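A.B. asks: The structure's right below; bear with me while I get my questions together.
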Amino acid sequence: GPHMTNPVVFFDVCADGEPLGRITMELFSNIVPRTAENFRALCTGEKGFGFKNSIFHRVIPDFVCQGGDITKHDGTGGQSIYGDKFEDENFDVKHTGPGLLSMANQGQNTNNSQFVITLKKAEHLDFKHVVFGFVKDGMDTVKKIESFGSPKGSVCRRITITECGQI
Ligand SMILES: [Cl-]
């Protein structure tokens, strides 16, 4: 669960030139170490690729803010530090409320770099998507991102991760 030894990472987010603030996230390395490590390394950029300058390409109010397509920047791409895809590590954490970080996928064992931040409980994603962290500060920034979304997910401003890293 939450723990002092878990890594902490951040995104600084902008919407068409407007600063939205910083999201700070704790990653459950103690539950899903491979999945947490992937996300952490993508935040620092240490493998030579990562989340910096990527966008939130799909935002559905009352559901998710989705980003992490670092290879195509449109929802069709993504890549992990382990290759194009990696396994669903476990489903020990459920989608019990807002502010959870969960891996996007297109089927079993197809995790890459795409992720969502939840805006609500989502039981239907349990045993389907791996939850690997939570927003510890900056949920206000997440609600700003939500404000630019729409029912089908298109966004009215380009929402970018202008800086990111590990605390
Ligand atoms: Cl302890």
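Ordered as shown in the structure tokens, chains take letters A, B, and onward, while each chain numbers its residues from 1 and ligands are numbered from 1 in the order shown.
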How would you report the residues lying within 12 Å of ligand 1, as a list in words, if you count only C-alpha atoms and all ligand atoms?

C.D. replies: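 Sorted by chain and then by number, the residues are residues 1, 2, 3, 4, 5, 6 and 30 of chain A.
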
A.B. asks: For residue 61 of chain A, work out the shell of residues within 8 Å, counting only C-alpha atoms and skipping chain neighbours fewer than 3 positions away, then give it as a list in words.

C.D. replies: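 Here the answer would be residues 64, 65, 119, 146, 147, 149, 150 and 151 of chain A.
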
A.B. asks: Mind dumping the selected residues with C-alpha atoms as a PDB file, in the first residue's frame?

C.D. replies:
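Saved the output as out.pdb:
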```pdb
ATOM      1  CA  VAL A  64     -10.399   9.048 -17.129  1.00  0.00           C
ATOM      2  CA  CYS A  65      -7.577  11.316 -18.253  1.00  0.00           C
ATOM      3  CA  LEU A 119     -11.720  10.482 -12.156  1.00  0.00           C
ATOM      4  CA  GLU A 146     -10.866  16.927 -17.069  1.00  0.00           C
ATOM      5  CA  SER A 147     -12.430  20.306 -17.817  1.00  0.00           C
ATOM      6  CA  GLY A 149     -12.460  16.741 -22.201  1.00  0.00           C
ATOM      7  CA  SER A 150     -15.736  15.587 -23.737  1.00  0.00           C
ATOM      8  CA  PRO A 151     -18.048  12.567 -23.670  1.00  0.00           C
TER       9      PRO A 151
END
```

A.B. asks: What is the distance, in Å and to one decimal place, between atom CA of residue 23 of chain A and atom CA of residue 166 of chain A?

C.D. replies: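 Between atom CA of residue 23 of chain A and atom CA of residue 166 of chain A the gap is 11.6 Å.
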
A.B. asks: Calculated over only C-alpha atoms, which of the candidates A:159, A:25, A:60, A:13 has the smallest distance to residue 133 of chain A?

C.D. replies: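 Once distances to residue 133 of chain A are computed over only C-alpha atoms, the minimum belongs to A:25.
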
A.B. asks: When you count only C-alpha atoms, which of these residues is closest to residue 157 of chain A: A:49, A:56, A:115, A:28?

C.D. replies: A:56

A.B. asks: I want to know what sits within 6 Å of residue 86 of chain A, based on only C-alpha atoms, with residues of the same chain fewer than 2 positions away left out; could you give that as a count of residues only?

C.D. replies: 3

A.B. asks: Neighbours of residue 8 of chain A within 12 Å (only C-alpha atoms; same-chain residues fewer than 4 positions away dropped), as a list in words?

C.D. replies: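 What passes the distance filter is residues 2, 3, 4, 23, 24, 25, 26, 27, 28, 29, 36, 37, 39, 40, 41, 43, 44, 132, 133, 134, 135, 136, 137, 164, 165, 166 and 167 of chain A.
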
A.B. asks: Go ahead and write the selection's residues with N, CA, C and O atoms as an mmCIF file, in the first residue's frame.

C.D. replies:
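The resulting selection-v2.cif:
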```
data_model
loop_
_atom_site.group_PDB
_atom_site.id
_atom_site.type_symbol
_atom_site.label_atom_id
_atom_site.label_comp_id
_atom_site.auth_asym_id
_atom_site.auth_seq_id
_atom_site.Cartn_x
_atom_site.Cartn_y
_atom_site.Cartn_z
ATOM 1 N N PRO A 2 0.242 2.402 0.351
ATOM 2 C CA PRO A 2 1.062 3.608 0.455
ATOM 3 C C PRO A 2 2.244 3.348 1.396
ATOM 4 O O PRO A 2 2.099 2.648 2.413
ATOM 5 N N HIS A 3 3.409 3.877 1.054
ATOM 6 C CA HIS A 3 4.595 3.654 1.875
ATOM 7 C C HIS A 3 5.698 4.649 1.546
ATOM 8 O O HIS A 3 5.852 5.071 0.388
ATOM 9 N N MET A 4 6.471 4.999 2.563
ATOM 10 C CA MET A 4 7.542 5.988 2.436
ATOM 11 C C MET A 4 8.628 5.554 1.449
ATOM 12 O O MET A 4 9.320 6.391 0.875
ATOM 13 N N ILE A 23 1.171 17.652 -10.982
ATOM 14 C CA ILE A 23 0.609 16.420 -10.404
ATOM 15 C C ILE A 23 1.737 15.621 -9.791
ATOM 16 O O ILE A 23 2.725 15.336 -10.469
ATOM 17 N N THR A 24 1.589 15.230 -8.524
ATOM 18 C CA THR A 24 2.599 14.412 -7.844
ATOM 19 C C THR A 24 1.999 13.048 -7.553
ATOM 20 O O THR A 24 0.885 12.960 -7.034
ATOM 21 N N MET A 25 2.738 11.994 -7.897
ATOM 22 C CA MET A 25 2.214 10.621 -7.850
ATOM 23 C C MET A 25 3.142 9.695 -7.078
ATOM 24 O O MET A 25 4.356 9.720 -7.269
ATOM 25 N N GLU A 26 2.556 8.851 -6.230
ATOM 26 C CA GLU A 26 3.303 7.793 -5.553
ATOM 27 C C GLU A 26 3.046 6.509 -6.326
ATOM 28 O O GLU A 26 1.910 6.244 -6.713
ATOM 29 N N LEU A 27 4.098 5.733 -6.577
ATOM 30 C CA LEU A 27 3.989 4.506 -7.375
ATOM 31 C C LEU A 27 4.151 3.315 -6.445
ATOM 32 O O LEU A 27 5.053 3.303 -5.606
ATOM 33 N N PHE A 28 3.289 2.321 -6.602
ATOM 34 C CA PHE A 28 3.269 1.165 -5.696
ATOM 35 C C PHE A 28 4.339 0.136 -6.059
ATOM 36 O O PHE A 28 4.021 -0.983 -6.479
ATOM 37 N N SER A 29 5.599 0.515 -5.915
ATOM 38 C CA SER A 29 6.707 -0.399 -6.173
ATOM 39 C C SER A 29 6.619 -1.626 -5.286
ATOM 40 O O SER A 29 7.100 -2.702 -5.649
ATOM 41 N N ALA A 36 5.586 -0.204 -11.784
ATOM 42 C CA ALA A 36 6.006 1.065 -11.172
ATOM 43 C C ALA A 36 7.336 1.523 -11.764
ATOM 44 O O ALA A 36 7.533 2.707 -12.038
ATOM 45 N N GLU A 37 8.264 0.588 -11.951
ATOM 46 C CA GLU A 37 9.578 0.932 -12.487
ATOM 47 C C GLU A 37 9.483 1.461 -13.927
ATOM 48 O O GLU A 37 10.177 2.412 -14.297
ATOM 49 N N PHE A 39 6.914 3.092 -15.242
ATOM 50 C CA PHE A 39 6.379 4.450 -15.184
ATOM 51 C C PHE A 39 7.435 5.426 -14.640
ATOM 52 O O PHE A 39 7.629 6.511 -15.186
ATOM 53 N N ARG A 40 8.147 5.025 -13.594
ATOM 54 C CA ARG A 40 9.198 5.871 -13.020
ATOM 55 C C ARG A 40 10.259 6.230 -14.058
ATOM 56 O O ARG A 40 10.639 7.400 -14.203
ATOM 57 N N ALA A 41 10.758 5.226 -14.773
ATOM 58 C CA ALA A 41 11.807 5.472 -15.761
ATOM 59 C C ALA A 41 11.297 6.345 -16.914
ATOM 60 O O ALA A 41 12.046 7.140 -17.464
ATOM 61 N N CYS A 43 9.138 8.694 -16.537
ATOM 62 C CA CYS A 43 9.113 10.054 -15.986
ATOM 63 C C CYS A 43 10.491 10.713 -16.016
ATOM 64 O O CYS A 43 10.622 11.901 -16.324
ATOM 65 N N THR A 44 11.537 9.963 -15.705
ATOM 66 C CA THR A 44 12.871 10.573 -15.704
ATOM 67 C C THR A 44 13.447 10.697 -17.107
ATOM 68 O O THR A 44 14.290 11.535 -17.335
ATOM 69 N N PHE A 132 -1.264 0.970 -10.435
ATOM 70 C CA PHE A 132 0.131 0.981 -10.009
ATOM 71 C C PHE A 132 0.567 2.230 -9.249
ATOM 72 O O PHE A 132 1.748 2.367 -8.938
ATOM 73 N N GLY A 133 -0.369 3.124 -8.926
ATOM 74 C CA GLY A 133 -0.023 4.312 -8.166
ATOM 75 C C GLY A 133 -1.222 5.204 -7.908
ATOM 76 O O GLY A 133 -2.349 4.854 -8.257
ATOM 77 N N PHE A 134 -0.978 6.352 -7.283
ATOM 78 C CA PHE A 134 -2.046 7.293 -6.998
ATOM 79 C C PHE A 134 -1.511 8.719 -6.921
ATOM 80 O O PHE A 134 -0.320 8.941 -6.696
ATOM 81 N N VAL A 135 -2.413 9.670 -7.123
ATOM 82 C CA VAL A 135 -2.086 11.084 -7.049
ATOM 83 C C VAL A 135 -2.024 11.516 -5.586
ATOM 84 O O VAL A 135 -3.025 11.457 -4.862
ATOM 85 N N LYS A 136 -0.841 11.913 -5.124
ATOM 86 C CA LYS A 136 -0.716 12.307 -3.722
ATOM 87 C C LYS A 136 -0.886 13.806 -3.541
ATOM 88 O O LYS A 136 -1.239 14.255 -2.452
ATOM 89 N N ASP A 137 -0.665 14.571 -4.609
ATOM 90 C CA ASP A 137 -0.896 16.011 -4.581
ATOM 91 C C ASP A 137 -1.163 16.468 -6.009
ATOM 92 O O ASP A 137 -0.696 15.857 -6.965
ATOM 93 N N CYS A 164 8.671 16.560 -16.435
ATOM 94 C CA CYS A 164 8.341 15.452 -15.553
ATOM 95 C C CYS A 164 9.617 14.865 -14.985
ATOM 96 O O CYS A 164 10.703 15.140 -15.477
ATOM 97 N N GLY A 165 9.500 14.072 -13.929
ATOM 98 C CA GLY A 165 10.686 13.559 -13.293
ATOM 99 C C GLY A 165 10.366 12.840 -12.006
ATOM 100 O O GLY A 165 9.200 12.593 -11.691
ATOM 101 N N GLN A 166 11.423 12.516 -11.268
ATOM 102 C CA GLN A 166 11.298 11.837 -10.001
ATOM 103 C C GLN A 166 11.700 12.806 -8.892
ATOM 104 O O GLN A 166 12.664 13.565 -9.048
ATOM 105 N N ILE A 167 10.928 12.812 -7.810
ATOM 106 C CA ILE A 167 11.186 13.647 -6.643
ATOM 107 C C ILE A 167 12.186 12.933 -5.743
ATOM 108 O O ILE A 167 13.090 13.554 -5.172
#
```

A.B. asks: Determine the nearest neighbour of residue 83 of chain A from the options A:42, A:112, A:120, A:102, counting only C-alpha atoms.

C.D. replies: A:112

A.B. asks: In Å, how far is it from atom CA of residue 19 of chain A to atom CA of residue 161 of chain A?

C.D. replies: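 The value is 10.3 Å.
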
A.B. asks: Would you compute the distance between atom CA of residue 96 of chain A and atom CA of residue 7 of chain A? Give it in Å to one decimal.

C.D. replies: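 Atom CA of residue 96 of chain A sits 21.2 Å away from atom CA of residue 7 of chain A.
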
A.B. asks: Please identify which residues in segment 10-114 of chain A DSSP calls strand (DSSP E) from the backbone, and express them as number ranges by chain.

C.D. replies: A: 10-15, 18-27, 56-60, 64-67, 100-103

A.B. asks: Need to verify the contact set: residue 108 of chain A, 10 Å, only C-alpha atoms, exclusion of same-chain residues closer than 4 positions in sequence. Can you return it as an mmCIF file with N, CA, C and O atoms, in the first residue's frame?

C.D. replies:
```cif
data_model
loop_
_atom_site.group_PDB
_atom_site.id
_atom_site.type_symbol
_atom_site.label_atom_id
_atom_site.label_comp_id
_atom_site.auth_asym_id
_atom_site.auth_seq_id
_atom_site.Cartn_x
_atom_site.Cartn_y
_atom_site.Cartn_z
ATOM 1 N N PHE A 86 4.386 -5.477 -22.147
ATOM 2 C CA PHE A 86 4.734 -6.334 -21.024
ATOM 3 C C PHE A 86 3.493 -6.853 -20.297
ATOM 4 O O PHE A 86 2.371 -6.398 -20.527
ATOM 5 N N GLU A 87 3.715 -7.842 -19.443
ATOM 6 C CA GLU A 87 2.649 -8.604 -18.807
ATOM 7 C C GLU A 87 1.846 -7.803 -17.786
ATOM 8 O O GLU A 87 2.356 -6.835 -17.223
ATOM 9 N N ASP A 88 0.592 -8.214 -17.555
ATOM 10 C CA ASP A 88 -0.196 -7.715 -16.438
ATOM 11 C C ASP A 88 0.401 -8.323 -15.168
ATOM 12 O O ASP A 88 0.347 -9.537 -14.960
ATOM 13 N N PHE A 127 -9.332 -6.305 -12.692
ATOM 14 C CA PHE A 127 -8.897 -7.567 -13.334
ATOM 15 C C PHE A 127 -8.671 -7.436 -14.830
ATOM 16 O O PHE A 127 -8.499 -8.419 -15.538
ATOM 17 N N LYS A 128 -8.632 -6.197 -15.291
ATOM 18 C CA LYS A 128 -8.500 -5.895 -16.705
ATOM 19 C C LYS A 128 -7.312 -4.957 -16.893
ATOM 20 O O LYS A 128 -6.483 -5.157 -17.776
ATOM 21 N N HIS A 129 -7.252 -3.926 -16.053
ATOM 22 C CA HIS A 129 -6.151 -2.956 -16.058
ATOM 23 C C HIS A 129 -5.409 -2.968 -14.722
ATOM 24 O O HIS A 129 -6.021 -3.067 -13.645
#
```

A.B. asks: Enumerate the residues of segment 111-154 of chain A with a DSSP assignment of helix (DSSP H, G or I), computed from the backbone, and present them as a ChimeraX atom specification.

C.D. replies: /A:123-125,139-146

A.B. asks: Which one of A:130, A:156, A:50, A:58 sits closest to residue 89 of chain A if you count only C-alpha atoms?

C.D. replies: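 Looking at the shortest contact to residue 89 of chain A, the residue is A:130.
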